[PDB]
Amino acid sequence: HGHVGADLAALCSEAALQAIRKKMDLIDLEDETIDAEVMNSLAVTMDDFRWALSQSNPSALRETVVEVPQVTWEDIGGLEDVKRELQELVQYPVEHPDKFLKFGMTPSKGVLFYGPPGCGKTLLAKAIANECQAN
Amino acid sequence: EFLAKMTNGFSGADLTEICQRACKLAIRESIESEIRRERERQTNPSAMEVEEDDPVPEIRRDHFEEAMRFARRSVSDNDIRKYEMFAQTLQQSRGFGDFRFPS
Amino acid sequence: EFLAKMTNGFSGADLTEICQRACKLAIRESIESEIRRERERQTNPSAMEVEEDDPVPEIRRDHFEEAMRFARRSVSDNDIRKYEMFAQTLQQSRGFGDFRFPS
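Residues numbered from 1 in each chain as written, not as in the entry; some residues may be left out. Chains lettered and ligands numbered in written order. Part of a larger assembly, values for the part shown. Heavy atoms only, no water.

## Here we look at the overall build of chain A
In plain terms, the rule: Runs of E in the DSSP output that reach at least two residues are strands. Runs of H or I that reach at least four are helices, and both are numbered from the N terminus. Only the C-alpha atoms count toward the radius of gyration. The rule for a globule is 2.2 Å times the residue count to the power 0.38. For the exposure calls, accessible area comes from a 1.4 Å probe over protein chains only, and a residue counts as buried if that area is under 20% of its type's maximum, exposed if over 50%, partly exposed in between. Here the Shrake-Rupley method, with its probe set to 1.4 Å, supplies the accessible areas, and only the displayed protein chains count as covering residues.
Within chain A, the regular secondary structure consists of 5 helices and 0 strands. The order of α-helices and β-strands along chain A, N terminus first, is α-α-α-α-α. Computed over the C-alpha atoms, the radius of gyration of chain A is 26 Å, more than 25% above the 14 Å expected from 2.2 N^0.38 for a compact globule of 135 residues. Dimensions of chain A, computed from C-alpha atoms along their principal axes, come out at roughly 85 × 35 × 25 Å. Across the 135 residues that make up chain A, the buried fraction comes to 21%. A total of about 9,900 Å² of accessible surface is found on chain A, and carbon and sulfur atoms cover 60% of it.

Listed below in structure tokens is the structure:
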């Protein structure tokens, strides 16, 4: 998370260099000119990638990120009234914008949750964003 | 008019809310009525409603009869007395009262 | 389900902690089981476990039975009443109640 395309190019080059560097047993000092064996018979494995991700590459990202969430409605069951209310306040002004125009009811612009700390507030707020395919 | 003299102490910003709550309560049923009509089991071309049935063409009576149940007056009696008392802080044409010019 | 109806007043952020405390209590034993297996006295090739024995392949039952002992509800009863009282500060469809349109 936070990597950009150039950072991922750097990740690929460093993982390939780590796969070279583990093969110094054949890439020796006695063979200054490297034979054509390891030039085409070296494949990178997964822990090299995990090393290159872990040991290096700080991400150059600190600002916000826009995306669709991947949490689902059954991730937090129950609260059918709240689900019905959020469907009425989010889904219907975007899925059916003409019926809101038949008799002129304007949509509302926001709710205010309140409750005890840590009862899945953000995990409830992302669910309707995922369901509407909304950022 | 029957809705007029029932709401007695309601502010002007409170009864403008129930004519959107009734619209929301009718838009819910007009969305819901379209769910079963497309989710007809064995949706066959036989006996098909070629005309739009329009179950909720307009806001009916029981929408207001149900939307009224969530009504609440915003201003109390204790704060309208604050404005009555400030109206009394203006002297309000009080004092000597009627007098007449001599003849 | 037996773990569901036992935890009654637990917030959503408290029972998400015990499914990491149980993981920590099983990772401790899975680290510890590998200590004696490499620290076998006279570690000979005779009767060697060529297969991985895997003593803790998954979280067993007594890990949750022991991790539950450190559970604690975060929210009290005195502060959920604060939200019940704020819910009562909203007038909550109270007043006149049911009325009907004339016929």
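## Notes on the packing of helix α1 (residues 5-21) of chain A against helix α2 (residues 46-54) of chain A
Residue and element names in this part refer to chain A. Threshold: To obtain each axis, a line is fitted to C-alpha atoms, and for helices this fit is confined to the stretch in contact; angles are then taken between N-to-C directions over 0 to 180 degrees. Comment on the angle field: the value is read as roughly parallel under 35 degrees, roughly antiparallel over 145, roughly perpendicular from 65 to 115, and oblique elsewhere. Left-handed describes a crossing whose near helix is turned anticlockwise from the far helix by less than a right angle; the clockwise case is right-handed. The contact criterion used is simple: two residues touch if any of their non-hydrogen atoms lie within 4.5 Å. In the scheme used here, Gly and all other residues not listed as nonpolar or charged are polar, with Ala, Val, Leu, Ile, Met, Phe, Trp, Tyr, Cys and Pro taken as nonpolar and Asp, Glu, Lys and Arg as charged.
Relative orientation of the contacting elements α1 and α2 amounts to 120°, with a least axis distance of 9 Å. As far as their axial angle goes, α2 and α1 are oblique. The two elements α1 and α2 meet at a crossing, and its hand is right-handed. Residues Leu-11, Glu-14, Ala-15, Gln-18, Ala-19 and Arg-21 of α1 lie in contact with α2, whose contacting residues are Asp-48, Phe-49, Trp-51, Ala-52 and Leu-53. Looking at the contact of α1 with α2 residue by residue, the class counts come to 7 nonpolar, 1 polar and 3 charged.

## Structural notes on the pattern of salt bridges
All names here are of chain B. Going by this rule: When a carboxyl oxygen of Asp or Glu lies within 4 Å of a side-chain nitrogen of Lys or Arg, that pair is called a salt bridge.
In the structure shown here, the tally under the stated rule is 14 salt bridges over all chains. With its nearest N and O atoms 3.4 Å apart, the salt bridge here joins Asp-53 to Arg-37. Within this pair, whereas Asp-53 is found in the loop between α1 (15-38) and α2 (61-67), its partner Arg-37 is found in helix α1, the two being separated by 16 residues in sequence. By relative accessible area, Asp-53 is classed as partly exposed at 28%. Note on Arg-37: relative accessible area 15%, which makes it buried. Taken together, the shared-partner salt bridges in this structure form one network comprising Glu-34, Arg-37, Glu-52 and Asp-53.

## Remarks on the interface of chain C and chain B
Put simply, the test is: Buried area counts how much accessible surface, traced with a 1.4 Å probe, disappears from two parts once they are put together, with both parts' losses summed. By the criterion applied in these results, polar contacts are pairs of N or O atoms within 3.5 Å in which, for protein atoms, one can donate a hydrogen and the other can accept it, and in which residues neighboring in sequence qualify only through two side-chain atoms.
Taken together, the contact pairs 8 residues of chain C with 12 residues of chain B. Regarding the contact of chain C and chain B, the summed buried area is about 1,100 Å², with carbon and sulfur atoms giving 66% of it. At the junction of chain C with chain B, the criterion picks out 0 salt bridges. Summed over the shared surface of chain C and chain B, the result is 1 residue pair in polar contact. Grouping the amino acids of the side of chain C that touches chain B by side-chain chemistry returns 4 nonpolar, 2 polar and 2 charged.

## Topic: the environment of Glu-38 of chain C
Among the structural elements, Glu-38 of chain C can be located in helix α1 (residues 15-38). Judged by relative accessible area, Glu-38 of chain C falls into the exposed class, the value being 56%.

## What to know about the packing of aromatic side chains
To be explicit about the condition: Any two of the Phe, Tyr and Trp rings considered here, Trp counted by its six-membered ring, make a pair once their centres fall within 6.5 Å; the pair's planes then place it as stacked at under 30 degrees, edge-to-face at over 60, or tilted in between. Placement of a charge over a ring requires the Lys NZ or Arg CZ to be within 6 Å of the ring centre, with the centre-to-atom vector within 35 degrees of the ring normal.
As enumerated under the stated definition, the model contains 6 aromatic pairs over all chains in all. With a centroid separation of 6.3 Å and 15° between ring planes, the pair formed by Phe-2 of chain B and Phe-99 of chain C is classed as stacked. Here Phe-2 of chain B, found in the segment before α1, pairs with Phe-99 of chain C, found in the segment after α3 (80-89), and the two come from separate chains. A relative accessible area of 16% means that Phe-99 of chain C is categorised as buried. Look at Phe-99 of chain B and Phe-101 of chain B: their rings are 5.8 Å apart centre to centre, the planes differ by 50°, and that puts the pair in the tilted class. Residue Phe-99 of chain B shares its accessibility class with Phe-101 of chain B, and that shared class is exposed. A connected cluster of aromatic rings, assembled from ring pairs, spans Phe-2 of chain B together with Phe-99 and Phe-101 of chain C. The ring centre of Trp-73 of chain A lies 5.5 Å from the NZ or CZ of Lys-83 of chain A, which sits over that ring.

## Let's talk about the interface of chain B and chain A
Listed by partner, the interface residues are 10 residues for chain B and 10 residues for chain A. Around 1,100 Å² of area is buried between chain B and chain A when both sides are counted, 71% of it from carbon and sulfur atoms. We note a salt bridge from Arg-28 of chain B to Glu-88 of chain A, for which the minimum N-O separation is 2.7 Å. Summed over the shared surface of chain B and chain A, the result is 2 residue pairs in polar contact. Within the side of chain B that touches chain A, the residues separate by chemical class into 5 nonpolar, 2 polar and 3 charged.

## Description of the relation of the copies chain C and chain B
Stated formally: Between copies, superposition is a least-squares fit restricted to the C-alpha atoms.
Between the two copies, chain C and chain B, the superposition gives an RMSD of 0.0 Å; the rotation angle is 60° and the shift along the axis is 0.1 Å. The operation mapping one copy onto its partner corresponds to a six-fold rotation axis. Looking at the rotation axis and the C-alpha trace of chain C, the residue lying nearest is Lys-82 of chain C, at 29 Å.

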